[PDB]
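Structure file model.cif with mmCIF, C-alpha atoms:
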data_protein
#
loop_
_atom_site.label_atom_id
_atom_site.label_comp_id
_atom_site.auth_asym_id
_atom_site.auth_seq_id
_atom_site.Cartn_x
_atom_site.Cartn_y
_atom_site.Cartn_z
CA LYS A 3 -49.91 56.83 15.81
CA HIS A 4 -49.92 53.17 16.86
CA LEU A 5 -50.80 51.64 20.20
CA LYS A 6 -48.06 51.84 22.81
CA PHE A 7 -46.22 48.92 24.42
CA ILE A 8 -47.47 46.38 21.87
CA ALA A 9 -44.36 46.73 19.68
CA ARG A 10 -40.99 45.40 20.83
CA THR A 11 -42.35 44.70 24.32
CA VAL A 12 -41.28 41.65 26.32
CA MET A 13 -42.76 40.80 29.71
CA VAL A 14 -40.04 39.98 32.23
CA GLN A 15 -40.40 36.43 33.58
CA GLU A 16 -40.00 36.22 37.37
CA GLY A 17 -38.00 39.45 37.31
CA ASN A 18 -34.97 38.13 35.39
CA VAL A 19 -34.69 41.48 33.66
CA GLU A 20 -31.29 40.41 32.33
CA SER A 21 -32.83 37.43 30.54
CA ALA A 22 -35.75 39.51 29.28
CA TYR A 23 -33.42 42.19 27.90
CA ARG A 24 -31.30 39.51 26.24
CA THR A 25 -34.43 38.08 24.61
CA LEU A 26 -35.48 41.54 23.43
CA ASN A 27 -32.05 42.26 21.96
CA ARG A 28 -32.09 38.86 20.25
CA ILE A 29 -35.47 39.76 18.75
CA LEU A 30 -34.13 43.09 17.51
CA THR A 31 -31.07 41.48 15.93
CA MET A 32 -33.15 38.72 14.33
CA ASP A 33 -35.44 41.30 12.74
CA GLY A 34 -32.42 43.40 11.75
CA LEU A 35 -33.52 46.56 13.55
CA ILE A 36 -30.09 46.95 15.15
CA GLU A 37 -28.55 46.63 11.69
CA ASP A 38 -30.79 49.44 10.48
CA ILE A 39 -30.11 51.71 13.45
CA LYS A 40 -26.33 51.40 13.34
CA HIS A 41 -26.26 51.69 9.54
CA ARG A 42 -28.50 54.76 9.56
CA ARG A 43 -26.34 56.54 12.11
CA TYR A 44 -24.53 57.66 8.93
CA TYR A 45 -25.49 57.84 5.27
CA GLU A 46 -24.20 55.10 2.98
CA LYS A 47 -24.10 56.40 -0.57
CA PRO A 48 -26.17 54.32 -3.01
CA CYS A 49 -23.07 53.05 -4.81
CA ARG A 50 -21.57 51.88 -1.52
CA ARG A 51 -24.85 50.28 -0.48
CA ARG A 52 -25.07 48.39 -3.78
CA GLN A 53 -21.48 47.19 -3.49
CA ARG A 54 -22.02 46.13 0.12
CA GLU A 55 -25.21 44.23 -0.68
CA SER A 56 -23.57 42.44 -3.59
CA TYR A 57 -20.60 41.53 -1.40
CA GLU A 58 -22.87 40.30 1.39
CA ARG A 59 -24.89 38.12 -0.97
CA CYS A 60 -21.74 36.66 -2.51
CA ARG A 61 -20.27 35.92 0.92
CA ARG A 62 -23.52 34.36 2.13
CA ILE A 63 -23.72 32.04 -0.86
CA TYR A 64 -20.02 31.17 -0.67
CA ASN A 65 -20.32 30.35 3.03
CA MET A 66 -23.44 28.26 2.45
CA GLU A 67 -21.70 26.28 -0.28
CA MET A 68 -18.56 25.81 1.81
CA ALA A 69 -20.56 24.61 4.81
CA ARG A 70 -22.58 22.24 2.64
CA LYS A 71 -19.40 20.82 1.11
CA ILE A 72 -17.83 20.38 4.54
CA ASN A 73 -20.92 18.62 5.86
CA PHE A 74 -21.09 16.41 2.78
CA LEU A 75 -17.44 15.35 2.99
CA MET A 76 -17.28 15.03 6.79
CA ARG A 77 -18.61 11.47 6.66
CA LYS A 78 -15.36 10.29 5.07
CA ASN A 79 -13.40 11.24 8.20
CA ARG A 80 -14.25 7.84 9.71
CA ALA A 81 -11.19 5.85 10.72
CA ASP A 82 -9.49 4.19 7.79
CA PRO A 83 -11.31 0.91 7.00
CA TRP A 84 -8.29 -0.48 5.11
CA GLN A 85 -5.45 0.47 7.45
CA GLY A 86 -2.13 -1.12 6.61
CA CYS A 87 -2.71 -0.51 2.90
CA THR B 70 26.15 -11.11 -10.45
CA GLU B 71 25.39 -14.64 -9.28
CA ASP B 72 28.21 -16.19 -11.31
CA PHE B 73 30.59 -13.58 -9.91
CA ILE B 74 29.46 -14.45 -6.38
CA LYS B 75 29.99 -18.16 -7.08
CA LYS B 76 33.50 -17.42 -8.34
CA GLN B 77 34.20 -15.42 -5.19
CA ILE B 78 32.86 -18.35 -3.15
CA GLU B 79 35.29 -20.73 -4.84
CA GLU B 80 38.15 -18.26 -4.40
CA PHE B 81 37.33 -17.80 -0.72
CA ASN B 82 37.22 -21.57 -0.21
CA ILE B 83 40.62 -21.88 -1.87
CA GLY B 84 42.00 -19.07 0.29
CA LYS B 85 40.57 -20.79 3.36
CA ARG B 86 42.41 -23.96 2.37
CA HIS B 87 45.59 -21.92 1.87
CA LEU B 88 45.21 -20.40 5.33
CA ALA B 89 44.53 -23.79 6.92
CA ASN B 90 47.67 -25.17 5.30
CA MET B 91 49.72 -22.15 6.38
CA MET B 92 48.61 -22.41 10.01
CA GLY B 93 48.77 -26.21 9.98
CA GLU B 94 45.10 -26.48 10.94
CA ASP B 95 42.91 -29.21 9.47
CA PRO B 96 41.13 -27.49 6.55
CA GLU B 97 38.11 -29.77 6.99
CA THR B 98 37.62 -28.61 10.59
CA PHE B 99 38.98 -25.13 9.86
CA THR B 100 36.25 -22.72 10.94
CA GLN B 101 35.40 -19.08 10.38
CA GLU B 102 36.62 -18.17 13.87
CA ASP B 103 39.94 -19.90 13.22
CA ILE B 104 40.22 -18.00 9.94
CA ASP B 105 39.53 -14.79 11.86
CA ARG B 106 42.25 -15.47 14.43
CA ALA B 107 44.81 -16.46 11.80
CA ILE B 108 44.16 -13.45 9.58
CA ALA B 109 44.33 -11.10 12.56
CA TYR B 110 47.71 -12.53 13.51
CA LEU B 111 49.10 -12.57 9.98
CA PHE B 112 48.07 -8.98 9.11
CA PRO B 113 48.68 -6.97 12.29
CA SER B 114 46.82 -3.68 11.88
CA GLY B 115 46.38 -0.97 14.49
CA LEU B 116 43.28 0.80 13.21
CA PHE B 117 40.60 1.64 15.76
CA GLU B 118 37.72 0.90 13.38
CA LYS B 119 36.85 -2.78 13.05
CA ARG B 120 35.72 -2.01 9.50
CA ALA B 121 38.92 -0.31 8.32
CA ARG B 122 41.00 -3.37 9.19
CA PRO B 123 41.57 -6.11 6.60
CA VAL B 124 39.03 -8.88 6.16
CA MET B 125 38.83 -12.31 4.51
CA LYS B 126 35.28 -13.64 4.88
CA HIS B 127 32.71 -15.53 2.86
CA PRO B 128 31.38 -13.48 -0.08
CA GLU B 129 27.93 -13.67 1.51
CA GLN B 130 29.06 -11.70 4.55
CA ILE B 131 31.58 -9.61 2.62
CA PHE B 132 29.62 -8.16 -0.25
CA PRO B 133 26.47 -6.08 0.07
CA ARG B 134 23.49 -7.95 -1.29
CA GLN B 135 22.84 -4.85 -3.44
CA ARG B 136 19.28 -6.20 -3.82
CA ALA B 137 20.57 -8.99 -6.10
CA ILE B 138 19.70 -7.29 -9.40
CA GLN B 139 16.11 -8.50 -8.82
CA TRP B 140 15.72 -9.60 -12.47
CA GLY B 141 17.15 -12.87 -13.71
CA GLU B 142 18.91 -13.36 -17.03
CA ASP B 143 15.59 -13.22 -18.88
CA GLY B 144 14.84 -9.86 -17.26
CA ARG B 145 11.70 -10.88 -15.36
CA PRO B 146 11.89 -9.53 -11.78
CA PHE B 147 11.71 -12.25 -9.14
CA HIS B 148 9.37 -10.46 -6.72
CA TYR B 149 5.76 -9.93 -7.77
CA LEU B 150 5.71 -6.61 -5.90
CA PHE B 151 9.03 -5.65 -7.48
CA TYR B 152 7.80 -2.60 -9.36
CA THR B 153 6.72 -0.95 -6.11
CA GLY B 154 10.35 -0.13 -5.35
CA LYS B 155 10.10 -1.45 -1.77
CA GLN B 156 9.34 -5.05 -2.57
CA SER B 157 10.32 -6.54 0.80
CA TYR B 158 8.51 -3.84 2.78
CA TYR B 159 5.31 -4.29 0.81
CA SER B 160 5.60 -8.07 0.99
CA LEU B 161 5.74 -7.79 4.77
CA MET B 162 2.75 -5.45 4.72
CA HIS B 163 0.79 -7.91 2.59
CA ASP B 164 1.69 -10.77 4.93
CA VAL B 165 0.61 -8.83 8.01
CA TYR B 166 -2.63 -7.92 6.25
CA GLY B 167 -3.28 -11.58 5.50
CA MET B 168 -2.61 -12.55 9.11
CA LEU B 169 -4.98 -9.82 10.30
CA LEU B 170 -7.67 -11.16 7.97
CA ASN B 171 -7.13 -14.68 9.29
CA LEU B 172 -7.37 -13.57 12.92
CA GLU B 173 -10.48 -11.52 12.15
CA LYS B 174 -12.12 -14.56 10.56
CA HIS B 175 -11.22 -16.86 13.45
CA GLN B 176 -12.36 -14.35 16.10
CA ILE B 195 7.12 -3.88 30.90
CA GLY B 196 9.02 -6.71 29.24
CA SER B 197 9.80 -5.65 25.67
CA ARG B 198 9.07 -3.13 22.90
#

Mind turning this structure into structure tokens?
Amino acid sequence: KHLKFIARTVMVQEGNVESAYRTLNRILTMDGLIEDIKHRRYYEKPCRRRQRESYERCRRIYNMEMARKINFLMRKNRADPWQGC
Amino acid sequence: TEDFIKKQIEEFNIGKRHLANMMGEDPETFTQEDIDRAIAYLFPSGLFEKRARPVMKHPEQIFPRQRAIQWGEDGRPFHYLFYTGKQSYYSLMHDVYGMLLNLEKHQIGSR
């Protein structure tokens, strides 16, 4: 019931349809529509969905913390300033 | 111990004088090489290993330094880095570090 071609439409620039399609697919993935489509191909039972969401949140937070720790401690990799000791 | 080494030094000197007398060579000018020759002649041994053959040398060359106890009679170790366990190695490291500091302040043939 909406207007057509306003949603998920990308104008091809100079005919590089490959680039335009890549941009469109990037948009879909960023908004998670591909996630929804491929997850809704089949029915995930509510228990499984809850477990999956909890696992995803835990993994996201763990990865964020690990990356932050790695970035924080990377500075110490500088060559030894007291070599020979 | 140090006293033991001194006793061995005296004994080796006396044996050197004995050898010089036996070979008729002037003990005063009797040298280590002369001692070597005389002992080789007097104790003919046919072992292939230069180590397995007899020897009569100075205690310094003879004995292993065995790190010299490292603590005098009182029990105080001689080397300030003694408790490291590698006192000479760490002394050399400290010396090289000092030389590097000095040089930093100021500023196909071998291996």

Item checked: 12 Å contacts from chain B to chain A using all atoms listed in the file, as a PyMOL selection string -> chain B and resi 158-170

Notebook entry, point to check: Leaving out residue B:123 and any residue of its chain fewer than 4 positions from it, which residues lie within 12 Å of it when counting all atoms listed in the file, given as a PyMOL selection string?
Noted result: chain B and resi 105+108-116+118-119+131

Next item on the list: Rank B:175, B:107, B:80, B:153 by their smallest atom-to-atom distance to residue B:93, using all atoms listed in the file, and report the top residue only.
Entry: B:107

Notebook entry, point to check: To one decimal place, how far is atom CA of residue A:36 from atom CA of residue A:21 in Å?
Noted result: 18.3 Å

Next item on the list: List the neighbours of residue B:102 out to 12 Å using all atoms listed in the file; skip same-chain residues closer than 4 positions along the sequence, and give me the result as a PyMOL selection string.
Entry: chain B and resi 85+89+98+106-109+125-127

Notebook entry, point to check: On this structure, which residues satisfy the PyMOL selection byres ((chain B and resi 148) around 12), written as JSON, numbers by chain?
Noted result: {"B": [136, 137, 138, 139, 140, 141, 144, 145, 146, 147, 149, 150, 151, 152, 153, 154, 155, 156, 157, 158, 159, 160]}

Notebook entry, point to check: Expressed in Å to a single decimal, how great is the separation between atom CA of residue B:99 and atom CA of residue B:75?
Noted result: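 Interatomic distance here is 20.4 Å.
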
Checklist line | Separation of atom CA of residue B:104 from atom CA of residue B:88, in Å and rounded to one decimal | finding: 7.2 Å

Notebook entry, point to check: Contacts of stretch 30-33 of chain A at 12 Å or less, counting all atoms listed in the file, minus same-chain residues fewer than 5 places along, as a ChimeraX atom specification?
Noted result: /A:9-12,23-25,38-40

Take stretch 23-35 of chain A, model N, CA, C and O atoms, and hand the result over as a PDB file, in the coordinates of the input.
ATOM      1  N   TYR A  23     -34.129  41.265  28.782  1.00  0.00           N
ATOM      2  CA  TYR A  23     -33.420  42.190  27.900  1.00  0.00           C
ATOM      3  C   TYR A  23     -32.636  41.428  26.847  1.00  0.00           C
ATOM      4  O   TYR A  23     -32.565  41.857  25.691  1.00  0.00           O
ATOM      5  N   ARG A  24     -32.015  40.310  27.227  1.00  0.00           N
ATOM      6  CA  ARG A  24     -31.300  39.510  26.240  1.00  0.00           C
ATOM      7  C   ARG A  24     -32.252  38.988  25.174  1.00  0.00           C
ATOM      8  O   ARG A  24     -31.929  38.996  23.983  1.00  0.00           O
ATOM      9  N   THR A  25     -33.438  38.536  25.585  1.00  0.00           N
ATOM     10  CA  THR A  25     -34.430  38.080  24.610  1.00  0.00           C
ATOM     11  C   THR A  25     -34.847  39.215  23.689  1.00  0.00           C
ATOM     12  O   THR A  25     -34.971  39.025  22.474  1.00  0.00           O
ATOM     13  N   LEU A  26     -35.073  40.402  24.250  1.00  0.00           N
ATOM     14  CA  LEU A  26     -35.480  41.540  23.430  1.00  0.00           C
ATOM     15  C   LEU A  26     -34.396  41.906  22.427  1.00  0.00           C
ATOM     16  O   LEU A  26     -34.687  42.177  21.255  1.00  0.00           O
ATOM     17  N   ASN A  27     -33.142  41.930  22.869  1.00  0.00           N
ATOM     18  CA  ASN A  27     -32.050  42.260  21.960  1.00  0.00           C
ATOM     19  C   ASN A  27     -31.898  41.188  20.888  1.00  0.00           C
ATOM     20  O   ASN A  27     -31.603  41.502  19.728  1.00  0.00           O
ATOM     21  N   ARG A  28     -32.097  39.921  21.252  1.00  0.00           N
ATOM     22  CA  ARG A  28     -32.090  38.860  20.250  1.00  0.00           C
ATOM     23  C   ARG A  28     -33.185  39.092  19.222  1.00  0.00           C
ATOM     24  O   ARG A  28     -32.968  38.902  18.023  1.00  0.00           O
ATOM     25  N   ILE A  29     -34.372  39.491  19.675  1.00  0.00           N
ATOM     26  CA  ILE A  29     -35.470  39.760  18.750  1.00  0.00           C
ATOM     27  C   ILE A  29     -35.079  40.884  17.796  1.00  0.00           C
ATOM     28  O   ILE A  29     -35.287  40.796  16.577  1.00  0.00           O
ATOM     29  N   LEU A  30     -34.513  41.959  18.341  1.00  0.00           N
ATOM     30  CA  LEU A  30     -34.130  43.090  17.510  1.00  0.00           C
ATOM     31  C   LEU A  30     -33.104  42.670  16.462  1.00  0.00           C
ATOM     32  O   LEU A  30     -33.223  43.017  15.283  1.00  0.00           O
ATOM     33  N   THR A  31     -32.091  41.912  16.876  1.00  0.00           N
ATOM     34  CA  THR A  31     -31.070  41.480  15.930  1.00  0.00           C
ATOM     35  C   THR A  31     -31.665  40.546  14.874  1.00  0.00           C
ATOM     36  O   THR A  31     -31.317  40.640  13.692  1.00  0.00           O
ATOM     37  N   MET A  32     -32.554  39.641  15.281  1.00  0.00           N
ATOM     38  CA  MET A  32     -33.150  38.720  14.330  1.00  0.00           C
ATOM     39  C   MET A  32     -33.962  39.467  13.280  1.00  0.00           C
ATOM     40  O   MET A  32     -33.926  39.124  12.094  1.00  0.00           O
ATOM     41  N   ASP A  33     -34.697  40.496  13.696  1.00  0.00           N
ATOM     42  CA  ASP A  33     -35.440  41.300  12.740  1.00  0.00           C
ATOM     43  C   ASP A  33     -34.581  42.350  12.048  1.00  0.00           C
ATOM     44  O   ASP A  33     -35.077  43.043  11.154  1.00  0.00           O
ATOM     45  N   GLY A  34     -33.317  42.493  12.439  1.00  0.00           N
ATOM     46  CA  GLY A  34     -32.420  43.400  11.750  1.00  0.00           C
ATOM     47  C   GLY A  34     -32.552  44.852  12.149  1.00  0.00           C
ATOM     48  O   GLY A  34     -31.922  45.706  11.516  1.00  0.00           O
ATOM     49  N   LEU A  35     -33.343  45.166  13.173  1.00  0.00           N
ATOM     50  CA  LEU A  35     -33.520  46.560  13.550  1.00  0.00           C
ATOM     51  C   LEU A  35     -32.210  47.186  14.002  1.00  0.00           C
ATOM     52  O   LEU A  35     -31.939  48.354  13.708  1.00  0.00           O
TER      53      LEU A  35
END
